[PDB]
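One structure is given here, and the rest of the page talks about it.
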Amino acid sequence: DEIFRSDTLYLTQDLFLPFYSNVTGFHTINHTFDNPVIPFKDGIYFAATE
Amino acid sequence: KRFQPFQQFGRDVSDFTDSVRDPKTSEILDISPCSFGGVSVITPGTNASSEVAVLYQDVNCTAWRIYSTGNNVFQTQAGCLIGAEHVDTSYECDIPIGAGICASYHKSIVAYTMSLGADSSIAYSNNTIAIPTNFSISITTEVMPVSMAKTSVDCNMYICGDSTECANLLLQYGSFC
Amino acid sequence: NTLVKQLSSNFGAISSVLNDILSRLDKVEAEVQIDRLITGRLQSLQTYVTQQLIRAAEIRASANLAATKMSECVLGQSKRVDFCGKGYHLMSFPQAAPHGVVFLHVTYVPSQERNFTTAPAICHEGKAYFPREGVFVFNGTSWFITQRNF
Amino acid sequence: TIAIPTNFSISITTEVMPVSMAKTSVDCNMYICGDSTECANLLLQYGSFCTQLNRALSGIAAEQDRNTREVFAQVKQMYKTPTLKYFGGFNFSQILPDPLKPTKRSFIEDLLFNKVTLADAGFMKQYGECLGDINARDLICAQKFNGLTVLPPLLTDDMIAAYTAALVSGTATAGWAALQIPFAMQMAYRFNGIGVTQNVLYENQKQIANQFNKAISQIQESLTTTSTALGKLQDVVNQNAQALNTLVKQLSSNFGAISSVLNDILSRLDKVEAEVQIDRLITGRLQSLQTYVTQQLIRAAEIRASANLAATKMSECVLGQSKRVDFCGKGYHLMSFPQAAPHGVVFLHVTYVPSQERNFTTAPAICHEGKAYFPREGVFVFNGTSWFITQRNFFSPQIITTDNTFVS
Ligand SMILES: *[C@@H]1O[C@H](CO)[C@@H](O)[C@H](O)[C@H]1NC(C)=O
Ligand SMILES: *[C@@H]1O[C@H](CO)[C@@H](O)[C@H](O)[C@H]1NC(C)=O
Ligand SMILES: *[C@@H]1O[C@H](CO)[C@@H](O)[C@H](O)[C@H]1NC(C)=O
């Protein structure tokens with residue numbers, strides 16, 4: 001949220017990425033170029049290491 | 001407190017808004033309640049007198065946070081006391097103020113330190129012993145409760161009176177009777 | 001009397017008087033307010049019952065101790081200290097009282113203590129003659145053997 | 001065959017018992033409706049369940065003061081410390097106050113107080129102090145701002161220490177309104193009460209004193225190190241704090257309303273619409289207060305049961321010798337000493353423990369010349385040379401005589 005909080009523990013229900021869940025990897029190099037259409041499925045987490 | 005740009009208000013665990021960013025100057029401010037502190041009232045009974053004494057637990061009067069200052073403001077262990085005269089003598093604690101302080105009505109309200117009991121010294125002697133030579137017969141009383149009054153409740157009487165519609169609503173509610 | 005007085009209170013309803021609601025409101029609209037009142041009044045009854053149970057437990061603890069006193073003090077002599085009176089206990093008598101019992105304890109109280117020189121044992125002729133449950137006291141003329149009391 | 005002991009030991013054991021709990025008060029208009037005037041009027045046009053709750057709480061507080069009075073105020077006359085601390089080889093230091101140390105409490109009492117951690121050293125918190133320390137999330141400030149208060153006990157800790165010192169001084173001299181007897185002499189009387197003969201005490205006095213002082217030192221060494229011995233008088237403390245902080249936290253909860261924050265509702269809703277939500281919140285918060293009060297009453301009953309048993313122990317064990325089994329210590333009971341502790345009392349019981357049992361052949365009666373000479377409260381044992389008459393405890397053989405036995 002946009003509320004400020006300090007030194008406390010706060011519980012919330014929301015769409016999150018569960019801990020120790022599977023993530024798919026796509027690697028782009030000269031040999032292989034990957035750009036498939038990926039489903040959205042109620043939101044996504046996207047990480048780029050480059 | 002340090003506020004991020006997208007924040008405007010701050011809340012505590014009880015969800016009471018305790019911080020606010022000033023719109024014009026962007027300065028963080030803390031919001032605190034105004035009412036705070038404990039109060040107690042000592043009286044000897046309306047029939048005896050109309051005067052009372054007032055004790056403030058969270059004030060040290062050697063001041064500002066008191067309703068009035070009638071006379072004799074003096075600091076005790078229990079807190080700041082207003083309306084009582086202090087007496088050095090020890091007594092038997094008619095009214096317990098607290099922290100070893102008691103009050104009584106002597107004609108004014110007086111406050112004193114609590115008296116534990118009579119003071120005596122017993123000698124220790126290796127070669128001496130005391131034995132009684134007389135005796136007395138004392139009769140003492142002890143009062144102890146045994147039973148209390150037995151009661152019953154008609155819940156349809158207490159709830160819904162003689163009304164038939166409320167009784168049906170009570171029915172289409174639940175049987176906690 | 002507190003239960004009686006609590007009927008005056010509204011519990012979020014427009015009125016505490018049921019007859020007014022039924023007089024000037026139709027069934028569906030009256031249902032809401034009557035349900036609010038029902039909830040509040042049931043809650044009051046439950047609070048009363050809980051407090052009665054706690055008081056009853058206290059009274060039970062008091063009654064058991066009184067029964068123990070009757071068995072121990074009235075029908076016997078008790079050697080427990082301060083159970084059946086402050087002094088040494090001799091006898092006790094019960095009297096009935098409204099919702100309770102009053103015990104009269106009769107006790108022995110020593111008085112007029114006098115100081116003597118005391119010996120634990122007597123060398124006599126280089127032997128040890130121990131008192132056998134009494135105190136050796138020196139009256140001024142010769143040594144004597146006495147009880148702790150009287 | 002029958003076995004009889006030939007030796008004995010002096011053991012000192014401790015028992016910890018709670019006496020009172022913290023006294024509290026609630027400002028219901030503070031906890032419910034804050035400083036808002038409209039919510040106060042709605043509270044008014046609801047009901048007065050605040051008078052009942054506070055009547056119950058005040059009763060509890062008075063009961064706590066009464067509990068302490070009944071445990072510690074048995075002694076009528078106060079008895080000055082003898083200044084000698086030594087009686088017949090027994091060291092009563094570390095149980096009595098030391099003039100050199102400024103504090104009026106004893107060494108063991110100091111250890112006990114140090115062990116138990118207490119939430120509040122003092123009962124005053126000033127408004128300016130709460131304001132200045134806003135950065136720290138002080139729990140007491142949060143309790144106070146929401147209408148919850150803790151009240152000080154009537155009897156200060158130094159007073160309880162004085163009562164305990166008077167009781168110990170009375171035990172040391174005059175025994176259990178004064179008898180005036182030498183320590184060693186009285187100790188001889190306790191042995192008789194047990195059943196052992198006086199000469200046993202007088203002959204072996206130095207060994208018994210060494211053992212006693214020694215047990216005291218072990219108690220001290222056991223308390224110096226950290227243990228869960230005083231756990232009960234800690235559980236009691238944590239329970240109270242936990243209940244108050246739980247009441248503080250419960251204000252965050254909605255009770256079917258749109259928000260838990262009253263100021264938001266009043267800011268963005270008109271009177272009639274705000275009334276519904278405020279009534280829901282009022283109902284919920286009153287319910288929380290009632291639950292807290294009920295739990296406090298149940299805890300108070302438990303503490304009352306504990307205080308009465310402690311008072312009975314003080315009367316029976318400290319001011320007398322008890323023949324009840326295991327009431328004032330595991331072994332045969334001789335004496336007991338009280339020490340004050342935070343919200344409770346610690347009893348030190350001194351007991352006689354038999355040891356080194358030896359087996360002899362036993363006879364119930366002696367035919368002698370076709371007659372029956374019964375022991376008269378002793379056992380007939382065969383040592384190997386001739387028959388002897390002895391006690392149940394601490395084997396001491398005596399020649400059989402007509403006086404020792406009774407004919408039948
Ligand atoms: C609002 O007006 C005041 C006075 O002109 C000014 O100091 C302040 O900066 C203004 N607000 C902002 C955040 O610019
Ligand atoms: C009251 O204030 C005075 C002066 O600051 C201080 O010396 C005294 O200790 C205070 N009393 C208490 C018990 O806080
Ligand atoms: C009593 O104990 C103290 C401290 O342990 C010791 O100094 C003293 O010698 C002992 N007895 C006496 C009075 O000698």
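We did not get these values from a lab; they are worked out from the coordinates using the rules stated. Because the Cβ atoms are built from the backbone with ideal geometry, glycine has one as well, and the counts that use them run over all protein chains shown.
In segment D:35-49, the count of residues that are under 29 Å from D:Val346 (Cα atoms) and more than 16 Å from ligand 2 (Cβ to nearest atom) is zero.
Report yes if some residue within segment D:85-103 is more than 16 Å from ligand 2 (Cβ to nearest atom), farther than 28 Å from D:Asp65 by Cβ, among the aromatic types (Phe, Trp, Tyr) and loosely packed, with under 14 Cβ neighbours inside 10 Å; otherwise report no. For segment D:85-103, residues more than 16 Å from ligand 2 (Cβ to nearest atom), farther than 28 Å from D:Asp65 by Cβ, among the aromatic types (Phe, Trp, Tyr) and loosely packed, with under 14 Cβ neighbours inside 10 Å: present. So, in segment C:4-28, how many residues would count as being within 23 Å of C:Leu45 (Cα to Cα), outside any loop (DSSP other than H, G, I, E, B) and not charged (D, E, K, R)? The number of residues fulfilling the criteria is 7. The residue list B:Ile42, B:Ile97 contains one member that is within 16 Å of ligand 2 (Cβ to nearest atom) and surrounded by 15 or more Cβ atoms within 10 Å (Cβ to Cβ), which is B:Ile97. Look at segment D:113-126: where a residue is over 13 Å from D:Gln143 (Cα atoms) and among the basic types (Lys, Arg) and a partner is within 16 Å of ligand 3 (Cβ to nearest atom) and not in a loop (DSSP other than H, G, I, E, B), sitting 6+ places away or on another chain with Cβ atoms under 8 Å, you get D:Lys115/D:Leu223.
Answer with yes or no whether D:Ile181 is within 12 Å of chain B (Cβ to nearest Cβ), within 30 Å of D:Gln296 (Cα to Cα) and among the β-branched types (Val, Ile, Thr). Considered against the rule, which asks whether it is within 12 Å of chain B (Cβ to nearest Cβ), within 30 Å of D:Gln296 (Cα to Cα) and among the β-branched types (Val, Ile, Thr), D:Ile181 comes out as no. Taken together, D:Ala241, D:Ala305 contain a single residue that is in a helix (DSSP H, G or I), of a type in the set (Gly, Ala, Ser) and within 13 Å of chain C (Cβ to nearest Cβ), which is D:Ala305. Within segment D:119-157, being of a type in the set (A, V, I, L, M, F, W, C), loosely packed, with under 14 Cβ neighbours inside 10 Å, away from ligand 2 (no atom under 15 Å from the Cβ) and in a loop (DSSP other than H, G, I, E, B) holds for D:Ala119, D:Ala136. Screening segment B:18-32 for residues that are away from ligand 1 (no atom under 16 Å from the Cβ) and surrounded by 14 or more Cβ atoms within 10 Å (Cβ to Cβ) and picking the one that is nearest to the other protein chains (Cβ to nearest Cβ) gives B:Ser19.
Taken over segment B:13-32, the criterion of being in a loop (DSSP other than H, G, I, E, B), of a type in the set (A, V, I, L, M) and within 19 Å of D:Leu266 (Cα to Cα) is satisfied by B:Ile31 alone. Elements of the type strands (runs of 3 or more DSSP E) sitting completely within segment B:66-174 and holding at least 3 residues that are within 14 Å of chain C (Cβ to nearest Cβ) and touching a helix residue (DSSP H, G or I) at 6+ places or on another chain (Cβ under 8 Å): these cover B:128-145.
Given the structure, is B:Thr62 within 14 Å of another protein chain (Cβ to nearest Cβ) and either away from ligand 1 (no atom under 16 Å from the Cβ) or surrounded by 11 or more Cβ atoms within 10 Å (Cβ to Cβ) (or both)? Criteria met by B:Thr62.
If you check D:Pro97 against the conditions, is it more than 8 Å from every other protein chain (Cβ to nearest Cβ) and in contact with a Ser or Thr (Cβ under 6 Å, 6 or more places away or on another chain)? Answer is yes for this residue.
Counted as qualifying within segment D:342-408 are the strands (runs of 3 or more DSSP E) with 1 or more residues that are of a type in the set (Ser, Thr, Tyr), namely D:344-363, D:387-390.
Kindly indicate whether D:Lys214 is within 14 Å of another protein chain (Cβ to nearest Cβ) and basic (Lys, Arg). No; evaluated as a whole, the condition is false for this residue. Of A:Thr24, A:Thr8, A:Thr12, A:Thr49, all but one fail to be within 19 Å of the chain's Cα centre (by Cα), polar (S, T, N, Q) and within 14 Å of another protein chain (Cβ to nearest Cβ); the exception is A:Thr12. Right, D:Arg66: within 30 Å of C:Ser44 (Cα to Cα), among the basic types (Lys, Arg) and either loosely packed, with under 15 Cβ neighbours inside 10 Å or within 16 Å of ligand 1 (Cβ to nearest atom) (or both) or not? Considered against the rule, which asks whether it is within 30 Å of C:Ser44 (Cα to Cα), among the basic types (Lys, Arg) and either loosely packed, with under 15 Cβ neighbours inside 10 Å or within 16 Å of ligand 1 (Cβ to nearest atom) (or both), D:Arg66 comes out as no.
Residues in segment D:59-92 that are of a type in the set (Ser, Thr, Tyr) and within 16 Å of ligand 3 (Cβ to nearest atom): 3 in all. Scanning segment D:164-178 for residues that are crowded, with 20+ Cβ neighbours inside 10 Å and either at the interface with chain B (Cβ under 7 Å from one of its Cβ atoms) or in a loop (DSSP other than H, G, I, E, B) (or both) yields D:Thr173, D:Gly175.
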